[PDB]
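Topology and contacts: notes
Spelled out, the chains give:
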Amino acid sequence: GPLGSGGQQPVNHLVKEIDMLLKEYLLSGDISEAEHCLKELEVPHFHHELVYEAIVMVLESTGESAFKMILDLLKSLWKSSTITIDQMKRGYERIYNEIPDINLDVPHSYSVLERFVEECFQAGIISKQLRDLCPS
């Protein structure tokens with residue numbers, strides 16, 4: 001019985017779906033093709049992570065290239081009945097509790113989150129509650 005790293009099996013396949021999905025979309029540039037991959041799976045209890053990862057993705061990035069991609073990506077998924085109101089709020093709240101160094105160290109991401117949040121406020125996907133939760 002050689003080795004022995006954990007008594008469980010590799011079940012992190014779903015995690016790769018989003019990782020590859022986001023990257024793929026950022027490469028191609030089609031929201032219709034992206035949603036297609038998400039439609040294949042019916043796990044609404046996981047998609048919540050997609051939003052967060054998507055937001056943080058650009059938050060750390062450097063350019064509006066991904067900013068509009070992610071924002072427009074989640075925006076469509078929200079009105080496409082793919083991202084319930086409880087999902088977005090739950091995904092955004094994570095940002096307020098997942099910005100340890102993203103804000104302090106390397107001052108630039110914060111300026112993005114603000115624009116990303118305020119931008120959604122006008123889209124009609126987030127209520128004053130969430131927008132108010134974000135630091136301005």
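To start, this report covers the structure provided alongside it. (Residues numbered from 1 in each chain as written, not as in the entry; some residues may be left out. Heavy atoms only, no water.)

1. Remarks on the overall build of the chain
Defined as follows: We count a stretch as a helix when DSSP gives it H or I for four or more residues in a row; a strand needs E for two or more, and each element gets its number in order from the N terminus. The buried label applies to any residue whose accessible area, calculated with a 1.4 Å probe on protein chains only, is under 20% of its type's maximum; exposed applies above 50%, and partly exposed to all values in between. Only four residue types enter the charge count: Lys and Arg as positive, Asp and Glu as negative, with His and the chain ends excluded. Note that the charge is assigned to NZ on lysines, CZ on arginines, CG on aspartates and CD on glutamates.
On a plain count of helices and strands, the chain comes out with 7 helices and 0 strands. Along its sequence from the N terminus, the chain presents helices and strands in the succession α-α-α-α-α-α-α. With the principal axes as the frame, the chain shows a C-alpha extent of 55 × 35 × 30 Å. The buried share of the chain, taken over its 136 residues, is 34%. Both charge centroids of the chain, one from 12 positive and one from 22 negative side chains, sit 6 Å from each other.

2. Some points on empty space enclosed by the protein
Applied cut-off: Cavities and pockets were defined on a 1 Å grid built from protein atoms only: a cavity is a group of points that admits a 1.4 Å probe but offers it no way out, a pocket is an open group of points flanked by protein on both sides within 12 Å along at least five of seven lines, and a lining residue is one with an atom within 4 Å of any such point. Grid points are joined across faces, edges and corners, and a volume is the space filled by probe spheres set on the points. For this classification, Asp, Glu, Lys and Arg are treated as charged, while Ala, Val, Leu, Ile, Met, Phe, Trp, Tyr, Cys and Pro are nonpolar and the rest, including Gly, are polar.
This model, assessed by the stated rule, comprises 1 cavity of 30 Å³ or more. The calculated volume of the largest cavity comes to roughly 30 Å³. Together, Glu17, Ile18, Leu21, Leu38, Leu41, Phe46, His47 and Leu50 line the largest cavity. Of all the elements in the fold, those that place two or more residues in the lining of the largest cavity are α1 (13-28) and α3 (44-60). Per-class residue counts for the lining of the largest cavity are 6 nonpolar, 1 polar and 1 charged.

3. With respect to unusual backbone geometry
For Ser81, which is not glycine, the phi torsion reads 65° and is therefore positive. Inspection of the secondary structure puts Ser81 in the loop between α4 (64-79) and α5 (85-95). At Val106, a residue that is not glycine, the phi angle is positive and equals roughly 65°. Considering the arrangement of structural elements, one finds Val106 in the loop between α5 and α6 (109-123). Classification of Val106 as exposed rests on a relative accessible area of 58%.

4. Considering the environment of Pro135
The condition that has to hold: Residue contacts are counted whenever heavy atoms from the two residues lie within 4.5 Å of one another.
Along the chain, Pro135 turns up in the segment after α7 (128-133). Considered as a pair, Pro135 and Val112 are 23 residues apart in the sequence and their alpha carbons are 12 Å apart. Not counting chain neighbours up to four residues away, the residues in contact with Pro135 comprise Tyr96, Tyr110 and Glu114.

5. Concerning the packing of aromatic side chains
What counts, and what does not: Stacked, edge-to-face and tilted are the three classes for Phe, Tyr and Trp ring pairs, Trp counted by its six-membered ring, which pair at centre distances within 6.5 Å; planes under 30 degrees apart are stacked, over 60 edge-to-face, the rest tilted. Here, a charge over a ring means that NZ of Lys or CZ of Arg falls within 6 Å of the ring centre while also lying within 35 degrees of the ring normal.
Counted according to the given criterion, the structure contains 1 aromatic pair. Considering the side-chain rings of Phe67 and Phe116, the 5.1 Å spacing of their centres and the 85° angle between planes classify their relative orientation as edge-to-face. One end of the pair, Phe67, is in helix α4; the other, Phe116, is in helix α6, and 49 residues separate them in sequence. Directly above the ring of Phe67 sits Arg115, whose terminal nitrogen or CZ lies 5.3 Å from the centroid. Over the face of the ring belonging to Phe121 we find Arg131, whose NZ or CZ atom lies 5.4 Å from the ring centre.

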